[PDB]
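Chemist: Attaching a single structure in structure tokens format; questions to follow.
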Amino acid sequence: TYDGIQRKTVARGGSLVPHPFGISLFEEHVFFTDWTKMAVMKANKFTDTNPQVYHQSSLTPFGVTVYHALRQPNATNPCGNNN
Amino acid sequence: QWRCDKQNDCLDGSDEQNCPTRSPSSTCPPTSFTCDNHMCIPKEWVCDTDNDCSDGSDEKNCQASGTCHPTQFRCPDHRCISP
Amino acid sequence: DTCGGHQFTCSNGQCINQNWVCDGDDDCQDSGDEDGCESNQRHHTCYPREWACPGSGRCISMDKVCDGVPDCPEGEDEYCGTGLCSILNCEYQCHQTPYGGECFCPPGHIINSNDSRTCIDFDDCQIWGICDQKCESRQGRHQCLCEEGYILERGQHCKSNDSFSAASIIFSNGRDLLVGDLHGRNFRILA
Ligand SMILES: *[C@@H]1O[C@H](CO)[C@@H](O)[C@H](O)[C@H]1NC(C)=O
Ligand SMILES: *[C@@H]1O[C@H](CO)[C@@H](O)[C@H](O)[C@H]1NC(C)=O
Ligand SMILES: *[C@@H]1O[C@H](CO)[C@@H](O)[C@H](O)[C@H]1NC(C)=O
Ligand SMILES: *[C@@H]1O[C@H](CO)[C@H](O)[C@H](O)[C@H]1NC(C)=O
Ligand SMILES: *[C@@H]1O[C@H](CO)[C@H](O)[C@H](O)[C@H]1NC(C)=O
Ligand SMILES: *[C@@H]1O[C@H](CO)[C@H](O)[C@H](O)[C@H]1NC(C)=O
Ligand SMILES: *[C@@H]1O[C@H](CO)[C@H](O)[C@H](O)[C@H]1NC(C)=O
Ligand SMILES: [Ca+2]
Ligand SMILES: [Ca+2]
Ligand SMILES: [Ca+2]
Ligand SMILES: [Ca+2]
Ligand SMILES: [Ca+2]
Ligand SMILES: [Ca+2]
Ligand SMILES: [Ca+2]
């Protein structure tokens, strides 16, 4: 959590998650990039004993993000008061 | 060095128009392991969760009901490691 | 007053410095500091037939308690008496445990009360992954809740209001930047 108080493992193991680099999140799923799989992979936010492949690459994939409105919710900007 | 690699370095693609190829029946010693891209890697490195030969073939089949190579060392839930 | 962003809050309405939050001490009267700092463990609370021991307040399934291997933080599970089942008028069932046995209500979403002599329905909404966003109690049941931008499906999951454009994925594969659809069927190159 934001305060570091409750800690949960989503997946572990050399065969399942050998070398992850980047991670992104949306709804039920997390998308992460792995250099050993040379892949972009999809997994379940709460527990996944067998992740799946979303895209397979010939080169190591580095960065991943999810593009959607609800990933960037609105809020007030204090700096609006004349910078 | 750019003469023959993954990249198309000139507008005509003349670097990658033609290239040499591997001489068949080349040798990797029995002390070592062979990768699908025709490269040789030490057997101790193979299932270390890290991409030692860049096609990912060393990490291709770990924990298919198998065990670590006899010289390796094992971590109960995680991976086989070099001596 | 409320806590600042550099502080932590406790169920009793108490404010604590953020560094104390996971330092290994019960600075919070409710023990909320160290609630889950150990990976995948739970402190001072139990799933329906788990049992907790005085050493560090960590809860473990009863079957393993007297199995012959120390599962408790202090090994207190390894002893294994029965005497208290004779003393107790508890309503369901007994197990051979250190400290003279233990009594537990039926496994199906019920658990012991203020003493083993009494029982109540289980804390659903305490299960990890029981709902995508928020959970509420109901009479013999539980209910999901999703925030304003989401709509509730399959009784467990939250999906995004169609008012918003279809979600996309943007990822890099070394040399190129690629855009794709959440179903993973189509991919294009953005740069
Ligand atoms: C954020 O505000 C803009 C401007 O009113 C609106 O178009 C957009 O839908 C809002 N998004 C959310 C998630 O509230
Ligand atoms: C314990 O007893 C108090 C007083 O009757 C009551 O308010 C509380 O809900 C009880 N707690 C449990 C878990 O039974
Ligand atoms: C979807 O969003 C629109 C605009 O906010 C709202 O009027 C509508 O009720 C929402 N639908 C659902 C099912 O939440
Ligand atoms: C290069 O490799 C190809 C197979 O991909 C052929 O075997 C060809 O004969 C090779 N060329 C040389 C000169 O060895
Ligand atoms: C060389 O490689 C071939 C396979 O390509 C054989 O394994 C052979 O035994 C190797 N060693 C020698 C000395 O030829
Ligand atoms: C793992 O151990 C078993 C015996 O339990 C077999 O010897 C098997 O061949 C071993 N696997 C590897 C890769 O050495
Ligand atoms: C507590 O929260 C209120 C808003 O509800 C104010 O932000 C107040 O400043 C906060 N207290 C502290 C100590 O920052
Ligand atoms: Ca080239
Ligand atoms: Ca290595
Ligand atoms: Ca390796
Ligand atoms: Ca690794
Ligand atoms: Ca302290
Ligand atoms: Ca503390
Ligand atoms: Ca035990």
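Simple scheme: letters A, B, ... for chains in structure tokens order, numbers from 1 for residues in each chain, numbers from 1 for ligands in the order shown.
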As number ranges by chain, please: every protein or nucleic acid residue near ligand 3 (cut-off 10 Å, counting only C-alpha atoms and all ligand atoms).

Modeler: C: 146-152, 159-164

Chemist: For ligand 7, return the neighbouring residues as a list in words (distance at most 6 Å; only C-alpha atoms and all ligand atoms).

Modeler: residues 1, 2, 3 and 4 of chain C

Chemist: Could those selected residues go to a file with N, CA and C atoms, as a PDB file, in the first residue's frame?

Modeler:
```
ATOM      1  N   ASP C   1      -6.334  17.002  15.081  1.00  0.00           N
ATOM      2  CA  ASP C   1      -6.386  17.197  13.638  1.00  0.00           C
ATOM      3  C   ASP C   1      -5.941  15.932  12.913  1.00  0.00           C
ATOM      4  N   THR C   2      -6.209  15.871  11.612  1.00  0.00           N
ATOM      5  CA  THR C   2      -5.827  14.710  10.827  1.00  0.00           C
ATOM      6  C   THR C   2      -4.309  14.647  10.665  1.00  0.00           C
ATOM      7  N   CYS C   3      -3.838  13.499  10.188  1.00  0.00           N
ATOM      8  CA  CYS C   3      -2.423  13.324   9.906  1.00  0.00           C
ATOM      9  C   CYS C   3      -2.011  14.067   8.645  1.00  0.00           C
ATOM     10  N   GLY C   4      -0.749  14.486   8.617  1.00  0.00           N
ATOM     11  CA  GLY C   4      -0.159  15.024   7.417  1.00  0.00           C
ATOM     12  C   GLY C   4       0.322  13.920   6.497  1.00  0.00           C
TER      13      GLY C   4
END
```

Chemist: Give me, as a list in words, the set of residues whose atoms come within 9 Å of any atom of ligand 11, counting only C-alpha atoms and all ligand atoms.

Modeler: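 Using only C-alpha atoms and all ligand atoms, everything at most 9 Å from ligand 11 comes to residues 13, 14, 17, 18, 19, 20 and 36 of chain A; 48, 49, 50, 51, 78 and 79 of chain B.
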
Chemist: Write the selection just made, keeping C-alpha atoms, as a compact mmCIF listing (two decimals), in the first residue's frame?

Modeler:
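Listing of part-v5.txt after writing:
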```txt
# COMPACT_ATOMS: atom_id res chain seq x y z
CA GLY A 13 9.48 -18.09 -9.53
CA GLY A 14 12.25 -18.26 -12.09
CA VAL A 17 8.75 -14.27 -13.83
CA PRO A 18 12.43 -14.71 -14.79
CA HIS A 19 13.56 -11.10 -15.49
CA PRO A 20 10.87 -8.41 -15.34
CA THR A 36 14.29 -13.52 -20.43
CA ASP B 48 19.71 -19.01 -13.99
CA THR B 49 16.58 -16.98 -14.98
CA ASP B 50 18.87 -14.61 -16.96
CA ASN B 51 19.28 -14.40 -20.74
CA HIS B 78 13.61 -19.67 -7.09
CA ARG B 79 16.39 -20.85 -9.41
```

Chemist: Do a neighbour search on residue 49 of chain A at 9 Å with only C-alpha atoms, toss out local chain neighbours closer than 6 positions, and write the hits as a count of residues only.

Modeler: 5

Chemist: For chain C, list the residues within 12 Å of chain B, counting only C-alpha atoms, and write the list as a list in words.

Modeler: residues 174, 175 and 176 of chain C

Chemist: Skip residue 54 of chain B itself and residues of its chain fewer than 2 positions away, then list as a PyMOL selection string all residues within 12 Å of it, counting only C-alpha atoms.

Modeler: (chain A and resi 35-38+57-60) or (chain B and resi 34-41+50-52+56-60)

Chemist: Please, which residues have at least one atom within 9 Å of an atom of ligand 13, using only C-alpha atoms and all ligand atoms, listed as number ranges by chain?

Modeler: C: 16, 18-28, 31-34

Chemist: Just want the residues within 7 Å of ligand 8, written as a ChimeraX atom specification, counting only C-alpha atoms and all ligand atoms.

Modeler: /B:2-9,15-16

Chemist: Nearest to chain A among C:99, C:122, C:128, C:51, with distances taken over only C-alpha atoms: which residue is it?

Modeler: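 The shortest atom-to-atom distance to chain A comes from C:128.
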
Chemist: Which chain A residues are at most 9 Å from chain C (counting only C-alpha atoms), as a PyMOL selection string?

Modeler: chain A and resi 3-9+27-28+31+33+38-40+45-47+54-70

Chemist: Could you take the residues named above and write them with C-alpha atoms, as an mmCIF file, in the first residue's frame?

Modeler:
```
data_model
loop_
_atom_site.group_PDB
_atom_site.id
_atom_site.type_symbol
_atom_site.label_atom_id
_atom_site.label_comp_id
_atom_site.auth_asym_id
_atom_site.auth_seq_id
_atom_site.Cartn_x
_atom_site.Cartn_y
_atom_site.Cartn_z
ATOM 1 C CA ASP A 3 2.310 3.297 3.419
ATOM 2 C CA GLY A 4 4.013 -0.085 2.992
ATOM 3 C CA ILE A 5 1.824 -1.812 5.582
ATOM 4 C CA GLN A 6 0.208 -4.816 3.835
ATOM 5 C CA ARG A 7 2.364 -6.879 1.478
ATOM 6 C CA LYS A 8 1.149 -9.442 -1.116
ATOM 7 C CA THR A 9 2.937 -11.511 -3.832
ATOM 8 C CA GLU A 27 -8.594 -3.128 -14.091
ATOM 9 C CA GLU A 28 -8.118 -6.869 -13.384
ATOM 10 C CA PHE A 31 1.122 -5.931 -17.930
ATOM 11 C CA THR A 33 7.875 -6.825 -19.701
ATOM 12 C CA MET A 38 11.715 -11.442 -24.493
ATOM 13 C CA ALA A 39 8.041 -10.699 -24.131
ATOM 14 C CA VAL A 40 5.241 -8.484 -22.920
ATOM 15 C CA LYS A 45 -3.613 -8.241 -10.311
ATOM 16 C CA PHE A 46 -4.322 -10.397 -7.209
ATOM 17 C CA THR A 47 -2.664 -13.791 -7.974
ATOM 18 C CA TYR A 54 0.452 -10.446 -24.952
ATOM 19 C CA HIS A 55 3.278 -9.777 -27.422
ATOM 20 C CA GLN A 56 6.429 -11.720 -28.309
ATOM 21 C CA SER A 57 9.543 -9.815 -29.379
ATOM 22 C CA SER A 58 12.870 -10.668 -30.978
ATOM 23 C CA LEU A 59 14.493 -8.001 -28.773
ATOM 24 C CA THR A 60 14.165 -7.307 -25.069
ATOM 25 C CA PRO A 61 11.102 -5.100 -24.393
ATOM 26 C CA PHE A 62 11.732 -2.262 -21.951
ATOM 27 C CA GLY A 63 8.700 -0.087 -21.195
ATOM 28 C CA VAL A 64 4.934 -0.574 -21.069
ATOM 29 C CA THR A 65 1.968 1.616 -20.159
ATOM 30 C CA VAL A 66 -1.818 1.548 -20.462
ATOM 31 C CA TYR A 67 -3.554 4.448 -22.209
ATOM 32 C CA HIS A 68 -7.034 5.239 -20.906
ATOM 33 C CA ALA A 69 -8.853 8.096 -19.214
ATOM 34 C CA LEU A 70 -9.270 6.435 -15.816
#
```

Chemist: So which bits of chain C end up strand (DSSP E or B) when you DSSP the backbone, as a short mmCIF file (atom, residue, chain, number, x, y, z; two decimals) with N, CA, C and O atoms, in the first residue's frame?

Modeler:
```
data_model
loop_
_atom_site.label_atom_id
_atom_site.label_comp_id
_atom_site.auth_asym_id
_atom_site.auth_seq_id
_atom_site.Cartn_x
_atom_site.Cartn_y
_atom_site.Cartn_z
N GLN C 7 2.91 11.40 7.76
CA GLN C 7 2.50 10.70 8.96
C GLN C 7 1.57 9.55 8.61
O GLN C 7 1.13 9.40 7.47
N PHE C 8 1.27 8.74 9.62
CA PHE C 8 0.42 7.57 9.50
C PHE C 8 -0.66 7.64 10.57
O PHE C 8 -0.43 8.18 11.66
N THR C 9 -1.84 7.13 10.24
CA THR C 9 -3.03 7.23 11.06
C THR C 9 -3.44 5.86 11.56
O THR C 9 -3.20 4.84 10.91
N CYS C 10 -4.04 5.84 12.75
CA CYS C 10 -4.42 4.63 13.44
C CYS C 10 -5.92 4.64 13.72
O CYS C 10 -6.56 5.69 13.77
N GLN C 14 -5.21 8.35 16.07
CA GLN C 14 -3.88 8.66 16.57
C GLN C 14 -2.94 8.77 15.38
O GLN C 14 -3.13 8.09 14.37
N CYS C 15 -1.95 9.64 15.50
CA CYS C 15 -1.07 9.99 14.40
C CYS C 15 0.36 9.64 14.78
O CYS C 15 0.79 9.86 15.92
N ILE C 16 1.08 9.06 13.82
CA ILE C 16 2.39 8.46 14.03
C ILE C 16 3.32 8.84 12.88
O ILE C 16 2.89 8.92 11.73
N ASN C 17 4.59 9.06 13.21
CA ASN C 17 5.60 9.38 12.21
C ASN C 17 5.71 8.25 11.20
O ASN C 17 5.57 7.07 11.55
N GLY C 36 1.15 -5.98 7.94
CA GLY C 36 1.53 -6.96 6.94
C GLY C 36 2.93 -6.84 6.38
O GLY C 36 3.15 -7.18 5.22
N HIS C 43 -1.24 -10.60 10.41
CA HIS C 43 -0.97 -10.41 11.83
C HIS C 43 -2.24 -10.06 12.59
O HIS C 43 -3.01 -9.19 12.16
N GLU C 50 -7.65 -20.80 10.89
CA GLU C 50 -6.26 -20.54 11.24
C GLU C 50 -6.16 -20.18 12.71
O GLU C 50 -7.13 -19.78 13.36
N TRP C 51 -4.95 -20.35 13.26
CA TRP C 51 -4.68 -20.18 14.68
C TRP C 51 -3.40 -19.39 14.87
O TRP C 51 -2.42 -19.57 14.15
N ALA C 52 -3.45 -18.48 15.85
CA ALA C 52 -2.42 -17.50 16.15
C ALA C 52 -1.86 -17.74 17.54
O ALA C 52 -2.58 -18.16 18.45
N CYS C 53 -0.56 -17.50 17.68
CA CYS C 53 0.25 -17.80 18.84
C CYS C 53 0.91 -16.55 19.43
O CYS C 53 1.19 -15.58 18.71
N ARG C 58 1.13 -14.04 14.70
CA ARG C 58 1.06 -14.51 13.32
C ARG C 58 0.18 -15.75 13.29
O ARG C 58 0.21 -16.57 14.21
N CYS C 59 -0.66 -15.86 12.26
CA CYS C 59 -1.72 -16.86 12.19
C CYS C 59 -1.45 -17.89 11.12
O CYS C 59 -0.99 -17.57 10.02
N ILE C 60 -1.72 -19.15 11.47
CA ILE C 60 -1.41 -20.33 10.66
C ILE C 60 -2.55 -21.33 10.75
O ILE C 60 -3.24 -21.43 11.77
N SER C 61 -2.73 -22.09 9.68
CA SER C 61 -3.74 -23.14 9.63
C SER C 61 -3.53 -24.18 10.73
O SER C 61 -2.40 -24.57 11.04
N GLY C 81 -2.01 -30.58 23.71
CA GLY C 81 -2.97 -31.14 24.64
C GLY C 81 -4.42 -30.95 24.23
O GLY C 81 -4.75 -30.41 23.17
N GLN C 93 -16.81 -27.75 17.76
CA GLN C 93 -15.77 -28.75 17.51
C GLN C 93 -14.43 -28.36 18.11
O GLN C 93 -14.12 -27.18 18.25
N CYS C 94 -13.65 -29.38 18.48
CA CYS C 94 -12.39 -29.27 19.21
C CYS C 94 -11.22 -29.86 18.43
O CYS C 94 -11.39 -30.77 17.61
N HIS C 95 -10.03 -29.31 18.70
CA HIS C 95 -8.76 -29.68 18.09
C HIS C 95 -7.68 -29.76 19.16
O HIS C 95 -7.60 -28.89 20.04
N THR C 97 -4.31 -29.16 20.63
CA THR C 97 -3.39 -28.06 20.43
C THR C 97 -2.65 -27.81 21.74
O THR C 97 -3.19 -28.11 22.81
N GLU C 102 -8.18 -26.40 21.53
CA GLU C 102 -8.78 -25.23 20.90
C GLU C 102 -10.11 -25.63 20.27
O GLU C 102 -10.30 -26.78 19.90
N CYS C 103 -11.05 -24.68 20.19
CA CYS C 103 -12.39 -24.96 19.68
C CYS C 103 -12.75 -23.98 18.58
O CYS C 103 -12.51 -22.77 18.71
N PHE C 104 -13.30 -24.51 17.47
CA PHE C 104 -13.55 -23.75 16.25
C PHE C 104 -14.91 -24.04 15.64
O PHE C 104 -15.33 -25.19 15.54
N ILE C 110 -17.63 -18.90 8.96
CA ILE C 110 -17.86 -18.61 10.38
C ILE C 110 -16.58 -18.78 11.20
O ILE C 110 -15.65 -19.47 10.77
N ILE C 111 -16.49 -18.15 12.37
CA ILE C 111 -15.31 -18.17 13.24
C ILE C 111 -15.63 -17.86 14.71
O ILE C 111 -16.70 -17.34 15.02
N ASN C 112 -14.72 -18.17 15.63
CA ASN C 112 -14.90 -17.95 17.06
C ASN C 112 -15.01 -16.46 17.45
O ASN C 112 -14.39 -15.59 16.82
N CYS C 119 -19.43 -17.87 18.70
CA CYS C 119 -19.13 -17.79 17.26
C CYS C 119 -19.90 -16.66 16.55
O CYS C 119 -20.98 -16.25 16.98
N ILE C 120 -19.35 -16.19 15.43
CA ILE C 120 -19.96 -15.23 14.50
C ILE C 120 -19.60 -15.55 13.04
O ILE C 120 -18.64 -16.27 12.76
N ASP C 121 -20.35 -15.00 12.08
CA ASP C 121 -20.04 -15.13 10.65
C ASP C 121 -18.69 -14.49 10.30
O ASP C 121 -18.27 -13.50 10.91
N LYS C 134 -13.81 -2.41 -4.14
CA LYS C 134 -14.24 -2.22 -2.76
C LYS C 134 -15.27 -3.26 -2.36
O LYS C 134 -16.05 -3.73 -3.19
N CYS C 135 -15.33 -3.61 -1.08
CA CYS C 135 -16.23 -4.66 -0.61
C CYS C 135 -17.01 -4.22 0.64
O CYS C 135 -16.48 -3.58 1.54
N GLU C 136 -18.29 -4.59 0.68
CA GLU C 136 -19.21 -4.33 1.79
C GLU C 136 -19.81 -5.64 2.34
O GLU C 136 -20.04 -6.59 1.59
N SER C 137 -20.12 -5.67 3.63
CA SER C 137 -20.85 -6.78 4.24
C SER C 137 -22.35 -6.76 3.90
O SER C 137 -22.95 -5.70 3.68
N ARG C 138 -22.98 -7.94 3.89
CA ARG C 138 -24.43 -8.17 3.77
C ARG C 138 -24.85 -9.31 4.71
O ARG C 138 -24.00 -10.06 5.19
N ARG C 141 -23.55 -12.63 3.69
CA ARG C 141 -23.03 -12.36 2.34
C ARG C 141 -22.04 -11.18 2.27
O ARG C 141 -21.72 -10.54 3.27
N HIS C 142 -21.56 -10.88 1.05
CA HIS C 142 -20.73 -9.72 0.73
C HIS C 142 -21.13 -9.11 -0.62
O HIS C 142 -21.78 -9.76 -1.44
N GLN C 143 -20.78 -7.84 -0.84
CA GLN C 143 -21.15 -7.08 -2.03
C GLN C 143 -19.96 -6.27 -2.58
O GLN C 143 -19.28 -5.59 -1.82
N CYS C 144 -19.73 -6.31 -3.89
CA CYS C 144 -18.75 -5.46 -4.57
C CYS C 144 -19.23 -4.02 -4.78
O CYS C 144 -20.42 -3.75 -4.94
N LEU C 145 -18.27 -3.11 -4.90
CA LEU C 145 -18.45 -1.71 -5.24
C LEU C 145 -17.28 -1.23 -6.10
O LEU C 145 -16.12 -1.54 -5.81
N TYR C 150 -16.44 3.26 -13.30
CA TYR C 150 -16.49 1.83 -13.52
C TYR C 150 -17.89 1.27 -13.34
O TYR C 150 -18.73 1.84 -12.65
N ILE C 151 -18.12 0.12 -13.98
CA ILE C 151 -19.38 -0.61 -13.90
C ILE C 151 -19.04 -2.04 -13.51
O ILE C 151 -17.96 -2.55 -13.81
N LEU C 152 -19.96 -2.67 -12.79
CA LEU C 152 -19.75 -3.90 -12.04
C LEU C 152 -20.25 -5.10 -12.82
O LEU C 152 -21.40 -5.13 -13.27
N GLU C 153 -19.36 -6.09 -13.01
CA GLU C 153 -19.65 -7.27 -13.81
C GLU C 153 -19.29 -8.51 -13.01
O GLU C 153 -18.39 -8.50 -12.17
N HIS C 157 -15.99 -8.22 -10.52
CA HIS C 157 -15.08 -7.45 -11.34
C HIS C 157 -15.68 -6.12 -11.75
O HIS C 157 -16.90 -5.97 -11.86
N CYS C 158 -14.79 -5.16 -11.99
CA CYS C 158 -15.13 -3.79 -12.36
C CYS C 158 -14.55 -3.52 -13.73
O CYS C 158 -13.36 -3.75 -13.96
N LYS C 159 -15.40 -3.03 -14.63
CA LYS C 159 -15.02 -2.72 -16.00
C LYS C 159 -15.43 -1.29 -16.28
O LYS C 159 -16.26 -0.71 -15.57
N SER C 160 -14.79 -0.68 -17.27
CA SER C 160 -14.84 0.75 -17.48
C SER C 160 -16.00 1.16 -18.39
O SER C 160 -16.20 0.57 -19.46
N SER C 168 -6.06 1.24 -24.54
CA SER C 168 -4.96 0.88 -25.41
C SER C 168 -3.74 0.54 -24.57
O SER C 168 -3.64 0.92 -23.40
N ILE C 169 -2.82 -0.19 -25.18
CA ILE C 169 -1.54 -0.54 -24.57
C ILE C 169 -0.46 0.08 -25.43
O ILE C 169 -0.55 0.07 -26.66
N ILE C 170 0.57 0.62 -24.79
CA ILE C 170 1.70 1.21 -25.48
C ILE C 170 2.95 0.59 -24.88
O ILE C 170 3.17 0.68 -23.67
N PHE C 171 3.75 -0.06 -25.71
CA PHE C 171 4.91 -0.79 -25.24
C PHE C 171 6.03 -0.67 -26.25
O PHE C 171 5.80 -0.41 -27.43
N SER C 172 7.24 -0.88 -25.77
CA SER C 172 8.42 -0.82 -26.62
C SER C 172 9.11 -2.18 -26.65
O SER C 172 9.11 -2.92 -25.67
N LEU C 177 8.42 1.68 -30.97
CA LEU C 177 7.33 1.97 -30.05
C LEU C 177 6.05 1.51 -30.71
O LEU C 177 5.77 1.88 -31.86
N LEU C 178 5.28 0.67 -30.02
CA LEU C 178 4.13 -0.01 -30.57
C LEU C 178 2.89 0.26 -29.73
O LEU C 178 2.95 0.41 -28.50
N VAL C 179 1.76 0.31 -30.43
CA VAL C 179 0.44 0.54 -29.85
C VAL C 179 -0.41 -0.68 -30.16
O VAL C 179 -0.30 -1.27 -31.25
N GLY C 180 -1.23 -1.09 -29.20
CA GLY C 180 -2.02 -2.29 -29.29
C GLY C 180 -3.31 -2.15 -28.52
O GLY C 180 -3.52 -1.18 -27.79
N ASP C 181 -4.18 -3.13 -28.70
CA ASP C 181 -5.51 -3.14 -28.13
C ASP C 181 -5.54 -4.15 -26.99
O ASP C 181 -4.79 -5.13 -27.00
N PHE C 187 -1.76 -4.77 -33.62
CA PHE C 187 -0.62 -3.97 -33.22
C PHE C 187 -0.20 -3.07 -34.38
O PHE C 187 -0.22 -3.50 -35.54
N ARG C 188 0.19 -1.85 -34.05
CA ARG C 188 0.70 -0.89 -35.02
C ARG C 188 1.91 -0.19 -34.41
O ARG C 188 2.14 -0.27 -33.20
N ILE C 189 2.69 0.46 -35.26
CA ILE C 189 3.93 1.11 -34.85
C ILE C 189 3.69 2.61 -34.81
O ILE C 189 3.30 3.21 -35.83
#
```
